[PDB]
Amino acid sequence: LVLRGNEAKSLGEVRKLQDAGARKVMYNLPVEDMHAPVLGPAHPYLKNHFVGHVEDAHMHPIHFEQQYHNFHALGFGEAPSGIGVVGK
Amino acid sequence: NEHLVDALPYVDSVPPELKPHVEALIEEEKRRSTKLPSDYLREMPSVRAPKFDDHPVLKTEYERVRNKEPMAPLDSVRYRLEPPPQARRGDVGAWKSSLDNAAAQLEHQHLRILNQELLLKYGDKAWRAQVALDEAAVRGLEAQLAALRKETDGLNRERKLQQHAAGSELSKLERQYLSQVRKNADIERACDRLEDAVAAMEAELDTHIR
Amino acid sequence: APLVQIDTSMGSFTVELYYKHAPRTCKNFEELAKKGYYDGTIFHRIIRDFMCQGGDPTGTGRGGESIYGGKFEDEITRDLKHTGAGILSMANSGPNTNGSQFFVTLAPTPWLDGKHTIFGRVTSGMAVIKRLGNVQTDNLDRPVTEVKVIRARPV
Amino acid sequence: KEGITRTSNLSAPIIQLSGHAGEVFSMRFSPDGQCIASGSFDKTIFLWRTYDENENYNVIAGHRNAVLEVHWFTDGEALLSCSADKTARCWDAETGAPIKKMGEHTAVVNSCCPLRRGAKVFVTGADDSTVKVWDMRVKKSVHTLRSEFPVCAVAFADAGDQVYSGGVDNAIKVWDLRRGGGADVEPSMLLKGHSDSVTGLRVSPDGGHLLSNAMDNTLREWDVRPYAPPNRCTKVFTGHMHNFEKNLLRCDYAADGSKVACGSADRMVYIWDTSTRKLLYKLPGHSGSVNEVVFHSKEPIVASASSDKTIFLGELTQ
Amino acid sequence: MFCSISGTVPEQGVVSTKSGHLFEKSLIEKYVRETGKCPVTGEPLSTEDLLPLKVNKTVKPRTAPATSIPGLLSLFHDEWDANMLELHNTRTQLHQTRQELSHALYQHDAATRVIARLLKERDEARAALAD
Amino acid sequence: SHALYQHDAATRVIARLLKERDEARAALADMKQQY
């Protein structure tokens with residue numbers, strides 16, 4: 049019964065991808081489906105604004121001001137990306 | 026009449042040197058088997074006698090044929106088309122027999138040449154067509170084969186996928202059974218602590234009498 | 003191994019498949035052409051002066067299957083360098099992540115040497131590639147007139 | 045079109061819950077899985093239905109500051125709200141009336157967990173470094189333990205005799221309340237391995253496992269079984285984020301113990317497969333830090349709450 | 001093209017309507033009245049349900065020696081020779097295949113008994129290790 | 102097609118079950134090695 053089997057199955061249709069442009073996700077897929085990048089040569093230069109990506113944010117107001125003034129006045133503050141601190 | 030007495034074969038590969046072991050086990054299984062027939066066709070349906078009790082024709086046909094003693098080819102000696110021999114020459118009714126065979130073979134060869142002329146005149150595209158039809162049956166049959174191969178392969182692939190979906194869960198269930206085993210050994214050292222705690226209690230009553 | 007054929011809604015052109023410098027990739031393209039995979043299969047990403055990507059059946063551009071079941075590894079050399087137009091290379095999302103997606107280059111793209119496994123070059127129908135690079139594309143570099151690959155097959 | 049295996053009865057596989065006017069700090073599904081208790085920074089609790097309209101049929105008010113943490117009580121009709129206005133409050137859900145408001149804490153009552161088997165009793169740990177145990181029918185607090193550093197996350201164990209509290213002090217503690225009827229008990233267990241504060245604590249559906257989210261950007265899984273190895277640490281998860289916001293980012297177990305969901309500060313809803321310790325879902329869509337994620341009691345539905353005044357409510361496909 | 005029961009192209013081509021199986025006219029009439037059923041499966045069938053698929057078979061090509069009354073009857077001869085020369089060999093192939101099947105069935109029964117036994121072995125082994 | 106394949110499958114069954122047997126045997130063997 050083990051006669052011969054292949055690994056061709058479990059690919060094809062099941063892997064549901066979204067169009068390389070669409071900025072919504074209509075269904076909750078796994079990370080490998082929804083994510084898992086487009087393809088191809090970097091290109092020479102799909103973004104949101106014109107010169108970058110503008111995204112809404114929501115914090116509590118202490119945090120904008122506190123970080124804006126740790127850098128603003130002191131010179132050195134927290135990166136708003138969550139990656140370390142900025143400056144000297 | 027067993028129901029799905031199966032361990033999955035795409036998961037559970039039979040080892041090399043387990044062929045001799047499983048062979049010897051099946052052999053001793055055989056040795057003291059309950060009703061060892063090796064003619065167990067007795068329970069198989071009765072394979073009946075060849076049903077021509079209403080045609081003696083096929084009756085005698087089979088009675089000879091199983092002995093394979095062939096029928097002789099048809100009347101080759103009459104076919105050589107010969108008139109009455111020495112002991113048959115003088116009698117004329119023998120020349121009536123000769124009329125029969127000579128005239129019969131005469132028109133034999135006549136309608137023979139008629140049929141041959143009729144095909145070599147006409148038959149060419151008929152053979153064209155029937156050889157086309159033999160090729161059609163050929164290719165249709167191999168098409169059936171490719172189809173059956175395809176559907177069966179798809180079913181086999183589905184079976185393999187199902188086997189994979191199960192063997193993983195089985196393996197993990199068994200490894201967590203082994204972890205349940207080590208957990209039992211943990212609670213064994215718990216029983217150790219039971220003994221130790223009672224030995225410790227074997228001091229409070231001492232002080233109590235003291 | 004020689005001479006696979008693409009015939010597209012813009013035209014037909016034929017690429018050789020380099021045997022020695024990249025056997026895995028070439029065998030992939032050979033067999034995927036054979037199996038009817040690159041049919042339909044619109045050129046989804048066309049950038050002038052850069053490349054003509056194709057090979058994703060889903061039209062998304064996110065993933066195209068292989069014959070090995072998924073990704074496979076590059077075959078970058080110090081020999082195979084993207085030097086001019088018509089070079090056929092595989093599209094990867096980084097190192098050793100090729101799928102099926104390929105791109106014909108329309109220009110010399112040095113900045114891809116070392117990242118994208120070449121496996122061939124367009125032997126016949128460079129006119130089709132020139133006409134196909136200049137097609138109208140949207141802000142995503144997607145041809146506004148679908149450029150289908152109506153049939154791909156070896157010859 | 046696209047026909048991908050509708051799991052739940054929800055009209056759509058991704059539903060956003062709006063109507064709040066502040067950050068949403070903690071949420072909770074009814075035990076019978078057809079209610080939502082959402083507690084916002086706007087010191088208000090929205091009650092949503094999980095099916096057929098997602099109707100916020102009641103807004104309960106009565107806290108004077110952000111309602112930081114909400115659970116439901118074991119039968120689902122009484123609600124435990126905990127706030128920054130130093131006041132924890134028991135409400136009746138069907139009605140819209142508050143039942144018992146205890147405000148014994150001196151500072152913001154960050155964390156609370158009501159006991160799931162036994163009496164109507166809930167733990168609350170606040171900024172005063174004191175973790176207090178609260179029985180429903182007495183008006184005094186039944187227990188009060190004093191750490192030295194402000195309590196961020198607290199949970200009551202499955203079985204009902206110990207309390208887990210984790211905070212800014214780099215170590216989460218397990219305390220025994222029956223072992224302590226005194227006012228300066230010392231901690232029973234010291235789970236160490238987080239490199240800074242703990243923010244969220246969830247008791248596993250079997251009770252042997254405790255989930256801790258840390259601003260060590262690390263989810264850690266410890267075992268609470270009294271017979272453990274020397275290191276009770278079992279699992280580590282990477283992937284989520286904690287930032288300068290230092291919001292109360294929580295934990296959750298899927299109702300089956302199969303997934304673990306964390307709220308993150310990178311606005312992403314993270315859902316790991318506990319076994320392989322790897323990332324199953326990384327759902328986008330939130331504009332603010334994701335505060336708490338709750339797995340629906342019956343179905344694989346995940347609902348998240350963010351600091352963006354909305355709550356996404358959807359099902360998982362794979 | 002062939003009647004399933006016949007195996008060579010029917011000269012009175014007939015499918016039954018109920019079945020999907022094309023049949024020899026005389027033969028399948030005899031068979032429908034000979035058991036009352038569809039000989040492809042055993043399905044119940046009646047003789048009129050037969051459908052006269054007739055598109056004029058007349059293609060059977062005279063071969064070279066067969067083109068002769070002496071030839072046609074001589075090949076008639078070796079033909080009937082071969083028809084019974086196949087049927088009897090199928091009788092004995094049935095017998096040996098049937099015998100093989102019986103042996104296989106007995107082997108299978110032995111295997112089932114061993115699996116039943118070895119399972120008791122393993123189940124008690126594990127229940128013991130549980131102590 | 103039933104029988105021969107089924108006996109192959111039964112060889113597989115008892116192979117699985119004897120591996121299971123010797124696995125539990127090694128389990129008890131480590132068990133009593135401990136004590």
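Chains as they are written, first to last, in the authors' numbering: chain W, 49 to 93, 102 to 144; chain K, 26 to 235; chain S, 3 to 157; chain E, 45 to 362; chain r, 1 to 131; chain s, 102 to 136. The beta-carbon is built from N, C-alpha and C at its ideal position, and this holds for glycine as well.
Please decide whether residue 117 of chain W counts as near chain S, where near means a Cβ-Cβ distance under 8 Å.
No, no contact with chain S.
Inter-residue spacing [alpha-carbon to alpha-carbon] between residue 239 of chain E and residue 70 of chain S: So the alpha carbons of these two residues sit roughly 43 Å apart.
- Item | C-beta atoms of residue 77 of chain W and residue 64 of chain S nearer than 8 Å | Taking 8 Å as the Cβ cut-off, residue 77 of chain W and residue 64 of chain S do not qualify as a contacting pair.
- Task: May I ask which residues mark the beginning and end of the alpha helix (DSSP H) holding residue 56 of chain S?
- Result: Segment 53-56 is the beta strand (DSSP E) holding residue 56 of chain S; no alpha helix (DSSP H) there.
**Asked** In the stretch 245-274 of chain E, which residues sit with their C-beta less than 8 Å from some C-beta in chain W, listed in chain order?
**Response** Cβ contacts with chain W come from no residue of the stretch 245-274 of chain E.
* Asked: Any chance the stretch 74-94 of chain S sits against the stretch 59-66 of chain E, with 3 or more Cβ pairs inside 8 Å?
  -> Result no; under three Cβ-Cβ pairs closer than 8 Å.
| query | With 16 other CB atoms within 10 Å as the buried threshold, where does residue 54 of chain E fall? | reply | The residue is buried, with at least 16 neighbouring Cβ atoms inside 10 Å.
Between which two residues does the alpha helix (DSSP H) harbouring residue 286 of chain E extend? Counting along the chain, residue 286 of chain E falls outside any alpha helix (DSSP H), and DSSP gives it neither H nor E.
For this session: Can you check DSSP and say which residues form a bridge with residue 71 of chain E?
Result: Residue pairing for residue 71 of chain E: DSSP places it in a beta bridge opposite E:82.
Practice problem: Please compile the residues from chain W whose C-beta is within a distance smaller than 9 Å of the C-beta of residue 45 of chain S. | Solution: Within 9 Å Cβ-Cβ: nothing; residue 45 of chain S doesn't reach chain W, min ~11 Å.
Practice prompt. Under 8 Å between beta-carbons, which chain s residues line up against residue 180 of chain K? List them in chain order, please.
Written response: For the C-beta of residue 180 of chain K, not a single chain s residue is nearer than 8 Å; the gap to the nearest is close to 14 Å.
*chain K contact for residue 135 of chain s (CB, 8 Å cutoff)*: Closer than 8 Å to some Cβ of chain K, the Cβ of residue 135 of chain s qualifies, so yes.
Residue 141 of chain W burial status per 10 Å Cβ neighbour count (16 or more: buried)
With fewer than 16 Cβ atoms within 10 Å of its Cβ, residue 141 of chain W is classed as exposed.
**OP:** Using alpha carbons as the reference points, say which of E:131, E:304, E:175, E:102 lies closest to residue 111 of chain E.
**Re:** Taking only the C-alpha atoms, the option nearest residue 111 of chain E is E:131.
- prompt: Exposed or buried, which one is residue 93 of chain W when buried takes at least 16 other CB atoms within 10 Å?
  reply: Looking at its Cβ environment, which holds fewer than 16 other Cβ atoms inside 10 Å, residue 93 of chain W is exposed.
Taking all protein chains shown into account, decide if residue 81 of chain E is buried (16 or more other Cβ within 10 angstroms of its Cβ) or exposed. Buried: at least 16 other Cβ atoms inside 10 Å.
>> I'd like to know if residue 88 of chain W contacts chain S, where contact means its C-beta is closer than 8 Å to some C-beta of that chain.
In response: Judged by the 8 Å Cβ criterion, residue 88 of chain W is in contact with chain S.
**Asked** Cβ atoms of residue 154 of chain E and residue 323 of chain E: under 8 Å apart, would you say?
**Response** For residue 323 of chain E and residue 154 of chain E, no; Cβs fall outside 8 Å.
Exercise. Taking just the CA atoms, how far does residue 56 of chain S sit from residue 130 of chain S?
Worked result: Taking the straight line from one Cα to the other gives about 15 Å.
Notebook entry, point to check: Between which two residues does the beta strand (DSSP E) containing residue 114 of chain W stretch?
Noted result: For residue 114 of chain W, no beta strand (DSSP E) segment is defined, and its DSSP state is neither H nor E.
*Unbroken stretches of the alpha helix (DSSP H), 4 residues or longer, contained in the stretch 79-124 of chain E*: Listed in chain order, the alpha helix (DSSP H) runs fully inside the stretch 79-124 of chain E amount to none, counting runs of at least 4 residues.
Residue 63 of chain W CB to nearest chain S CB: under 8 Å?
Chain S, which has a Cβ nearer than 8 Å to the Cβ of residue 63 of chain W, makes this yes.
query: Which residue's Cα is closest to the Cα of residue 51 of chain r: r:6, r:64, r:15?
result: That would be r:15, whose Cα lies nearest to the Cα of residue 51 of chain r.
Next item on the list: Report the residue from E:250, E:247, E:190, E:104 whose alpha carbon sits nearest the alpha carbon of residue 226 of chain E.
Entry: Answer by Cα proximity: E:190.
- Do you know how far the Cα of residue 120 of chain S is from the Cα of residue 371 of chain E? Any answer about residue 371 of chain E is impossible in this case: the structure gives chain E only from 45 up to 362.
Check your understanding: Considering only C-alpha positions, which residue in the set K:32, K:49, K:193, K:77 is nearest to residue 34 of chain r?
Key -> The alpha carbon of residue 34 of chain r has as its nearest neighbour, out of K:32, K:49, K:193, K:77, the alpha carbon of K:77.
Check: How many Å lie between residue 134 of chain s and residue 203 of chain K at the Cα?
Finding: For residue 134 of chain s and residue 203 of chain K, the gap between their C-alpha atoms comes out near 16 Å.
### Start-to-end residues for the beta strand (DSSP E) that takes in residue 233 of chain E
Unbroken beta strand (DSSP E) run through residue 233 of chain E: 233-236.
Exercise for review: Would you be able to state if there are at least three C-beta pairs under 8 Å between the stretch 33-42 of chain K and the stretch 111-126 of chain s?
Suggested key: Yes, the stretch 111-126 of chain s touches the stretch 33-42 of chain K.
*Would the beta-carbon of residue 264 of chain E fall within 8 Å of that of residue 296 of chain E?*
For residue 264 of chain E and residue 296 of chain E, no; Cβs fall outside 8 Å.
key: Simplified DSSP state of residue 132 of chain s, which is helix, strand or coil   = Helix at residue 132 of chain s.
C-alpha distance - residue 107 of chain s paired with residue 44 of chain r, whole-angstrom precision: So the alpha carbons of these two residues sit roughly 33 Å apart.
Do the stretch 75-89 of chain E and the stretch 349-359 of chain E meet, that is, are 3 or more Cβ pairs less than 8 Å apart? The stretch 75-89 of chain E and the stretch 349-359 of chain E touch, with no fewer than 3 CB-CB distances between them shorter than 8 Å.
Could you tell me the distance, in whole angstroms, from the CA atom of residue 341 of chain E to the CA atom of residue 318 of chain E?
Taking the Cα positions, residue 341 of chain E is about 18 Å away from residue 318 of chain E.
- Task: List the residues of chain W that residue 57 of chain E touches, going by C-beta distances under 9 Å, in chain order.
- Result: Going along chain W in sequence order, the residues near residue 57 of chain E (Cβ under 9 Å) are 74, 75, 76.
Short of 6 Å in beta carbon distance, which residues of its chain neighbour residue 218 of chain E, apart from the five on each side in sequence? Order them along the chain. 206, 208, 232, 233, listed in sequence order.
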